[PDB]
Amino acid sequence: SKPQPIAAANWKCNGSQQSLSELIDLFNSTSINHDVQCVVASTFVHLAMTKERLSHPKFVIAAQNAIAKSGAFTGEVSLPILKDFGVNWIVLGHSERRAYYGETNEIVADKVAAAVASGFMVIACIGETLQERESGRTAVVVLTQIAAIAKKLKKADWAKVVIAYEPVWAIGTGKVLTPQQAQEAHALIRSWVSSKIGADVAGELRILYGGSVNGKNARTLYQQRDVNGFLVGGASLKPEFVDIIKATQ
Amino acid sequence: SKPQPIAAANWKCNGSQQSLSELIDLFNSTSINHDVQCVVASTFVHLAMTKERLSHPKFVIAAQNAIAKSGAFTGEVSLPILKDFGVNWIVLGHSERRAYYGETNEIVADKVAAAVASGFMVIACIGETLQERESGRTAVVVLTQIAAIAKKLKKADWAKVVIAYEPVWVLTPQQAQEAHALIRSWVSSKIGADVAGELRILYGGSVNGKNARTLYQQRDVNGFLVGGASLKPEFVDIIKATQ
């Protein structure tokens, strides 16, 4: 018996107006007759269209990134701009931003804290690389990442936080986690939360699996006890995202 | 008898749906009696609103950044996405991106080249810091920056290129003119005199409705990339100053 599951679509840097409209239409026509929060994280460009067309009662829209405040930050989008635009969910600290776009543990923590303070529901991403899972220090890496985030939050703030575990070490080497391995990473995270934040928060916290999930593999991943849904990349651009939602039954 | 001037509004990371709509209404109601390309560079989020509402026949919309291709780049917007969305202008290599967000000379050059290949009009930004200027290396720095860009481009590509000179550190008309002349001279020398004659070099320092007229008077100034003042009614005066 778990907290409410989340099925989150990370469209990453993809989509045309037509391909995304067809996806949205599919989502809109889909019966979801169980309790789940579905999330569509579109590009900043596609937020207007997604707001306009996404009408399914079980779906909210999310941004894939942001900075804390408006200002002289050419090219960037701030939390007040998203809030003014009616967007109340955000994915922060994706492994790609940590790798490509200079986001350290602290920068992620600061973005998460600013987003919570501003009233967002936040999917905060953490996860070890292969270099680190090899030196016998998976635990060290992901717990250090979450500690950085926690440092800047109050106990009450965790109600608005969702953790997404990304096994970056698996990313594009064709190799995928066993459900046992996914469970172990999630259990390690929850145990840390129970221990440093509190058993209450830890029981309620959604920890989403953020490795490569598809329509075939989602059900047995969700069966694991500390898995509370998914942050989905590639398959979220496909009709099979509907099967992934159904797998959180 | 310069090339067609450009008055470009760099809104940076600013705006509400309300405040930006008010501004757009002002721009729409404005009479502009000369040939000038006005450009509104809004945040990605406000592109849809600006596309719908902005109707002045002398205005186009621009993005303030992009990456070259669609893919697994969470948080970013690619050139194909913008092109699908009907955005044909883009600002690239702005000092804040160079400063904060890892855009080296080569990265800027690659983005610029990809945007031209993709069919975009590109406002490519170059400019030296305060320390660079004070030590006397304005010329080395900005010519190195434009050389990196030119390295990734072909002659015919310069038709879709606009240079914004953005001294990162108020510039007298004389100091602005010197930087613009230095840039044009390099372009004449490397690409051809015909291309340098046609090239817009926009002044992208701190421009206001009050100082824009005398800056535009200089031989090699072809308009403006405007920061703070572009969020204000006085942007209309800045447009008028390109007469």
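These numbers come from the heavy atoms of this one structure, side chains and all, not from hydrogens, waters or symmetry mates. Protein chains get the first letters and strands the later ones, always in sequence-line order, with residue 1 at the start of each.
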(request) Check side chain to side chain donor-acceptor pair (under 3.5 Å) between B:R137 and all other residues, then give those that pass, not counting sequence neighbours. (result)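 Here the qualifying residues are B:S135.
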(message) Taking side chain to side chain donor-acceptor pair (under 3.5 Å) as the definition, give me every residue that meets it alongside B:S189, ordered by chain and number, with sequence neighbours left out.
(response)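 B:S189 satisfies side chain to side chain donor-acceptor pair (under 3.5 Å) with no other residue.
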(message) Can you see whether A:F85 has A:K51 sitting over its ring - NZ or CZ less than 6.0 Å from the centre and within 45° of the normal?
(response)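 Checked: cation-pi criterion met.
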(request) Establish, yes or no, whether the cationic atom of B:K2 lies under 6.0 Å from the six-membered ring centre of B:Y216 and within 45° of the ring axis. (result) yes
(request) Only counting residues at least two apart or in another chain, list the ones meeting side-chain contact (heavy atoms from CB on, under 4.5 Å) with B:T214. (result)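 Counting only residues at least two positions away or on another chain, B:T214 forms a side-chain contact (heavy atoms from CB on, under 4.5 Å) with B:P173.
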(message) Show every ring pair (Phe, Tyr, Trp, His ring centres under 6.0 Å) that has at least one partner inside residues 220-243 of chain B, sequence neighbours left out.
(response)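 For residues 220-243 of chain B: B:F27-B:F235.
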(message) Counting only heavy atoms not in A:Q131 (residues, nucleotides, ligands), do more than 12 fall under 6.0 Å from its CD?
(response) no
Qualifying residues under salt bridge (charged side-chain N to carboxylate O under 4.0 Å, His left out), relative to [X], sequence neighbours excluded:
X	answer
B:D25	B:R53
A:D110	A:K152
B:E166	none
B:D220	B:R184

(message) Can you list everything that forms a ring pair (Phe, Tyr, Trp, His ring centres under 6.0 Å) with B:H56? Sequence neighbours excluded, please.
(response)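 B:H56 satisfies ring pair (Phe, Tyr, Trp, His ring centres under 6.0 Å) with B:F59 once adjacent residues are dropped.
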What pairs of residues pass the side chain to side chain donor-acceptor pair (under 3.5 Å) test when at least one of them lies in [range], not counting sequence neighbours?
range	result
residues 153-162 of chain B	B:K155-B:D194
residues 195-210 of chain B	B:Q4-B:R200
residues 36-45 of chain B	B:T43-B:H46

(message) Less than 4.0 angstrom from a charged side-chain N to a carboxylate O is my criterion; do B:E103 and B:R98 meet it?
(response)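 Here B:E103 does not pair with B:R98 in a salt bridge, since their nearest N and O are not under 4.0 Å apart.
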(message) Is any side-chain heavy atom of B:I149 closer than 4.5 Å to one of B:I126?
(response) yes
